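One structure is given below, encoded as structure tokens.
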Amino acid sequence: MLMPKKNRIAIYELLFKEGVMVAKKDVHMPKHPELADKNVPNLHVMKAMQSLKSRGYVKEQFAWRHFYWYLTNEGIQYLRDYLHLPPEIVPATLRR
Amino acid sequence: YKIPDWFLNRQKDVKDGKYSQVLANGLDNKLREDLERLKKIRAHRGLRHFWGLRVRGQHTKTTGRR
Amino acid sequence: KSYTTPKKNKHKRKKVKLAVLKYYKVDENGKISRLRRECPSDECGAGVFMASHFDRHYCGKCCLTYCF
Amino acid sequence: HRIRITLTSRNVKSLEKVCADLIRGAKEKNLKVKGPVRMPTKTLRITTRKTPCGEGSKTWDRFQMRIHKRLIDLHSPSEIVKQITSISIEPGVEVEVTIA
Amino acid sequence: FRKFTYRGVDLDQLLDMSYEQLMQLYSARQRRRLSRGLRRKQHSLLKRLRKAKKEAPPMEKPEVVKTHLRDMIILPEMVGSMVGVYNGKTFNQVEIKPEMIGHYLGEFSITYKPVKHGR
Amino acid sequence: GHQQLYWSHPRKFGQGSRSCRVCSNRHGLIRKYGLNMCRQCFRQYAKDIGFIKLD
Amino acid sequence: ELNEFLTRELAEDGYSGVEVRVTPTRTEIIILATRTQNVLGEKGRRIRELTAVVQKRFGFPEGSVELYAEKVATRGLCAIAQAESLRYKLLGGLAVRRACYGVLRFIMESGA
RNA sequence: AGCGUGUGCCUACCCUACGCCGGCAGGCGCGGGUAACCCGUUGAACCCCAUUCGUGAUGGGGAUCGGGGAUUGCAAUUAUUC
RNA sequence: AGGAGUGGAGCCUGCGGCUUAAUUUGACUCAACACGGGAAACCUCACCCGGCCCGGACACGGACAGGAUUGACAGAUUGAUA
């Protein structure tokens with residue numbers, strides 16, 4: 001899926017801000033309900049996330065019509081390397 | 001004699017733009033013309049009339065059996 | 001299975017090596033001989049050059065058009 | 001001061017013992033109360049075919065869902081009501097409190 | 001002997017008439033169709049056919065300009081044109097003599113094949 | 001352009017506009033009381049919603 | 001949908017249903033699974049992943065939903081706890097006869 | 001009369017009194033109702049009573065078929081419906 | 001024992017047949033045939049006739065920033081302002 005690097009980085013940052021991100025299975029919904037400011041389409045979310053699923057950086061779950069993605073440890077390292085953040089700070093799921 | 005336009009059988013006629021209740025031999029001669037117009041212009045409605053079929057969106061599969 | 005009417009030829013990109021070399025003409029001194037017109041738009045300023053068409057002029061970014 | 005509780009439930013006995021426990025709270029602190037006014041039950045009704053296809057004799061499920069609705073009118077101070085409404089409520093019950 | 005009409009108006013009087021006035025002449029369905037608006041949607045293919053009809057060449061019956069649009073009213077503007085009305089199979093050629101005003105384009109091309117019956 | 005075409009055709013009404021919130025199916029839709037859940041789907045989840053069979 | 005989503009998620013971790021409170025300011029939803037250690041994961045990690053994920057789908061206010069994941073007392077008498085127990089005995093590669101008796105012998109011991 | 005339904009997450013599309021205009025479908029201003037609160041005391045039909053008709057395919061029956069008029073919709077022609 | 005009937009008639013409707021680019025289909029005694037909640041103008045849609053799109057994850061190799069690739073108004077051409 002060819003998509004702007006602006007969108008792609010607003011996806012990966014949002015996955016790293018929490019340790020979790022969701023999306024409804026609707027290709028045609030032109031604005032993701034969570035990330036509306038930076039106009040990321042909903043299919044960019046699904047394809048950018050299934051990319052991480054295929055090479056096993058993120059855990060998959062699906063109920064009724066909604067995707068639920070959980071960030072895993074090697075995916076955490078990939079994202080702080082691919083976003084270039086401090087290795088001090090973690091996603092908001094290792095915070096108690 | 002003041003019977004309004006909505007009360008007539010031939011309202012806003014195609015040849016003359018006229019409102020008038022058209023009676024027996026007139027109505028037959030003007031019915032003939034209304035079908036023979038649609039026959040001449042090759043319009044679906046008249047083609048249905050020429051083949052002796054039901055035109056107004058019926059299902060002919062089961063009904064209209066001679 | 002076997003269809004009669006032959007398939008549609010797909011678009012291949014006409015890649016042009018050093019397309020910046022055509023956009024400008026470098027001078028002997030530290031200056032420019034910019035052949036192409038710059039797009040006088042708000043979305044794109046002095047960066048984007050217009051297209052040198054054979055019966056018009058067209059911008060490739062903001063889709064602005066100027067005719068002879 | 002004329003403060004109106006609107007209790008709504010799916011299950012009777014759960015809403016019946018709550019409306020009783022709120023009217024306890026009105027008598028334990030001894031302020032006047034119009035009793036548990038019984039608003040009519042709402043039987044929501046979905047009558048769907050049983051078969052996922054249409055390939056049996058034409059049977060139909062007849063689902064209901066009863067919604068019991070009670071209301072309690074008090075002549076109370078606001079803080080006594082916000083105290084009593086917190087005490088001993090259970091998942092079957094749904095409580096509104098209108099001031100005026 | 002006599003020249004074709006519409007309601008009580010001649011063709012150049014039909015052609016010399018705004019849509020605001022063209023409404024109140026032909027039938028209720030078409031009046032509504034015109035009143036609903038001139039198309040800003042993908043159905044501006046109505047207007048694109050209004051541009052493709054206005055490529056009338058020098059003296060002969062014009063070339064076949066095809067459409068999928070069956071939902072189009074035969075205006076007096078159209079009359080005399082040579083249109084290809086689509087069925088699924090055939091772009092049927094139709095020369096639109098002026099008695100066809102008010103009717104739809106698809107009203108002149110059968111989308112079904114006429115039935116005959118065998119054993 | 002294809003971006004104009006791709007999703008042009010309106011989806012504001014008809015059973016091709018709405019679908020099951022479970023099944024994602026264009027059929028046997030129960031719209032009553034804002035369920036919007038397929039007649040097979042709701043028959044599975046009737047108990048879990050609070051739809052007891054009595055009469 | 002909560003009950004379904006939790007079934008698809010905590011299947012292997014011994015899921016036996018959810019119970020929801022709609023208490024004011026605090027939507028307290030209690031996962032009722034057998035192995036408490038395996039549902040909260042590493043220092044309450046996975047259970048926080050479930051809090052994070054639920055409100056994102058159900059649009060609850062940021063930090064106005066709390067997931068607890070307590071234990072079923074006498075887990076032999078929950079059917080969906082014995083069905084999920086059995087399916088992972090069968091998917092383990094155990095003979096069906098063995099697995100079914102194993103469940104049936106367990107719940108009749110458990111006091112059914 | 002009695003079951004009932006009624007403004008929707010996405011979901012866009014709610015039930016309607018009230019006042020004018022129209023023969024009518026309908027259009028217009030204008031409020032109530034997220035409901036034992038408003039439509040609504042749900043003035044329903046068959047029934048009831050009083051004229052006209054009179055054994056005639058008749059005022060039974062309302063199919064086919066012509067012309068016209070309104071609404072929903074992006075679009076109704078192979079007639080949406082009225 | 002009877003009451004209302006149905007089977008006759010006109011139409012609504014489903015099924016076979018016939019037809020057709022296509023008339024998508026499943027179901028054929030009770031236990032198929034106003035049944036698939038199936039009253040389909042578009043969508044639905046599976047059918048058939050046209051025309052776009054990739055929404056071909058990922059691993060490996062050539063390409064390739066001396067620019068891989070993306071999108072693009074006229075004109076043509078198209079049914080289309082694909």
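Please note that chains go A, B, ... in the order of the structure tokens, that every chain numbers its residues from 1, and that ligands are numbered from 1 in the order shown.
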Pick out each residue of chain C that DSSP on the backbone tags as helix (DSSP H, G or I); I need them as a PyMOL selection string. chain C and resi 20-23
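With the cut-off set to 10 Å and only C-alpha atoms counted, chain A residues close to chain F are residues 25, 28, 63, 64, 65 and 66 of chain A.
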Those same residues, written as a short mmCIF file (atom, residue, chain, number, x, y, z; two decimals), in the first residue's frame with N, CA and C atoms?
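Saved as part17.cif:
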data_model
loop_
_atom_site.label_atom_id
_atom_site.label_comp_id
_atom_site.auth_asym_id
_atom_site.auth_seq_id
_atom_site.Cartn_x
_atom_site.Cartn_y
_atom_site.Cartn_z
N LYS A 25 -13.39 -2.42 10.36
CA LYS A 25 -13.19 -2.98 8.99
C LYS A 25 -14.15 -2.27 8.03
N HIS A 28 -13.76 2.30 3.27
CA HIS A 28 -14.33 3.50 2.60
C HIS A 28 -14.48 4.68 3.57
N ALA A 63 -13.15 -8.83 16.39
CA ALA A 63 -14.51 -9.08 16.93
C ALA A 63 -15.54 -8.34 16.08
N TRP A 64 -16.42 -9.09 15.40
CA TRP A 64 -17.61 -8.61 14.66
C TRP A 64 -17.17 -7.83 13.41
N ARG A 65 -16.74 -6.57 13.56
CA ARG A 65 -16.30 -5.69 12.45
C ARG A 65 -15.06 -4.86 12.82
N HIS A 66 -14.47 -5.06 14.01
CA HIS A 66 -13.41 -4.19 14.57
C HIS A 66 -12.10 -4.97 14.73
#
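Each of E:93, E:109, E:87, E:67 was checked against chain I using only C-alpha atoms (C1' of nucleotides); the smallest atom-to-atom distance is that of E:67.
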Check which residues of chain D sit at most 9 Å from chain I using only C-alpha atoms (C1' of nucleotides), and return one row each with the closest pair of atoms and their distance in Å to one decimal, ordered by chain and rising number, as JSON lines.
{"residue": "D:48", "atom": "CA", "partner": "I:37", "partner_atom": "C1'", "distance": 7.1}
{"residue": "D:49", "atom": "CA", "partner": "I:37", "partner_atom": "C1'", "distance": 6.5}
{"residue": "D:51", "atom": "CA", "partner": "I:36", "partner_atom": "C1'", "distance": 8.9}
{"residue": "D:52", "atom": "CA", "partner": "I:36", "partner_atom": "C1'", "distance": 8.0}
{"residue": "D:53", "atom": "CA", "partner": "I:36", "partner_atom": "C1'", "distance": 4.7}
{"residue": "D:54", "atom": "CA", "partner": "I:36", "partner_atom": "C1'", "distance": 4.3}
{"residue": "D:55", "atom": "CA", "partner": "I:27", "partner_atom": "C1'", "distance": 6.5}
{"residue": "D:56", "atom": "CA", "partner": "I:31", "partner_atom": "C1'", "distance": 6.8}
{"residue": "D:57", "atom": "CA", "partner": "I:31", "partner_atom": "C1'", "distance": 7.0}
{"residue": "D:58", "atom": "CA", "partner": "I:35", "partner_atom": "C1'", "distance": 8.0}
Please produce an output containing N, CA, C and O atoms for each residue in the selection, written as a CSV table (one decimal), in the first residue's frame.
chain,number,residue,atom,x,y,z
D,48,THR,N,-38.6,-13.2,14.9
D,48,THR,CA,-37.8,-13.6,13.8
D,48,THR,C,-38.0,-15.1,13.5
D,48,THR,O,-38.4,-15.8,14.4
D,49,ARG,N,-37.9,-15.5,12.2
D,49,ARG,CA,-37.8,-16.9,11.8
D,49,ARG,C,-36.7,-17.7,12.6
D,49,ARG,O,-35.7,-17.0,12.9
D,51,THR,N,-35.1,-20.6,11.3
D,51,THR,CA,-34.2,-21.2,10.3
D,51,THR,C,-33.3,-20.1,9.8
D,51,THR,O,-33.7,-19.0,9.4
D,52,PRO,N,-31.9,-20.4,9.7
D,52,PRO,CA,-31.0,-19.5,9.0
D,52,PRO,C,-31.3,-19.3,7.5
D,52,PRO,O,-31.0,-18.2,7.0
D,53,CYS,N,-31.8,-20.4,6.9
D,53,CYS,CA,-32.3,-20.4,5.5
D,53,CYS,C,-33.9,-20.4,5.6
D,53,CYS,O,-34.4,-19.9,6.6
D,54,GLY,N,-34.6,-20.8,4.5
D,54,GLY,CA,-36.1,-20.9,4.6
D,54,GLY,C,-36.6,-22.4,4.3
D,54,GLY,O,-37.7,-22.5,3.8
D,55,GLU,N,-35.8,-23.4,4.8
D,55,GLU,CA,-35.9,-24.8,4.3
D,55,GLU,C,-36.4,-25.7,5.3
D,55,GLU,O,-36.0,-26.9,5.4
D,56,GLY,N,-37.3,-25.2,6.2
D,56,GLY,CA,-38.2,-26.0,7.1
D,56,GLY,C,-39.6,-25.5,7.1
D,56,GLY,O,-39.9,-24.5,6.4
D,57,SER,N,-40.5,-26.1,8.0
D,57,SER,CA,-41.9,-25.6,8.2
D,57,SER,C,-41.8,-24.2,9.0
D,57,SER,O,-40.9,-24.1,9.9
D,58,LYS,N,-42.6,-23.3,8.6
D,58,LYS,CA,-42.5,-21.8,9.0
D,58,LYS,C,-42.7,-21.6,10.5
D,58,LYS,O,-43.8,-21.2,10.9
Residues of chain E were defined as contacting chain B if any atom lay at most 9 Å from it, counting only C-alpha atoms; please report them as a list in words. residues 4, 5, 6, 7, 8, 9, 25, 26, 96, 97, 99, 100, 103, 106, 107, 108, 109 and 110 of chain E
I need the residues from that last selection saved to file as a compact mmCIF listing (two decimals), in the first residue's frame (with C-alpha atoms), if you can.
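Here's the written file selection-v8.txt:
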# COMPACT_ATOMS: atom_id res chain seq x y z
CA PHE E 4 -45.57 18.71 -36.11
CA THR E 5 -46.33 20.51 -32.76
CA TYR E 6 -45.76 20.00 -29.03
CA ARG E 7 -48.78 20.71 -26.73
CA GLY E 8 -49.60 24.05 -28.51
CA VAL E 9 -46.10 25.34 -29.49
CA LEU E 25 -45.26 22.59 -20.99
CA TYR E 26 -44.48 18.77 -20.83
CA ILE E 96 -35.16 11.40 -32.71
CA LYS E 97 -38.03 12.87 -34.84
CA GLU E 99 -42.91 13.50 -31.58
CA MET E 100 -40.43 11.77 -29.12
CA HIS E 103 -40.02 10.41 -23.52
CA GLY E 106 -34.06 4.20 -23.07
CA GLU E 107 -37.79 4.22 -24.11
CA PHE E 108 -36.65 3.61 -27.73
CA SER E 109 -34.07 0.80 -27.24
CA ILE E 110 -35.49 -2.55 -25.96
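When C1' of residue 20 in chain I is paired with CA of residue 114 in chain E, their separation reads 8.8 Å.
Any residue of chain E with an atom no more than 7 Å from chain I counts as a contact; using only C-alpha atoms (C1' of nucleotides), that gives residues 45, 66, 67, 68, 88, 89, 113, 115, 116, 117 and 118 of chain E.
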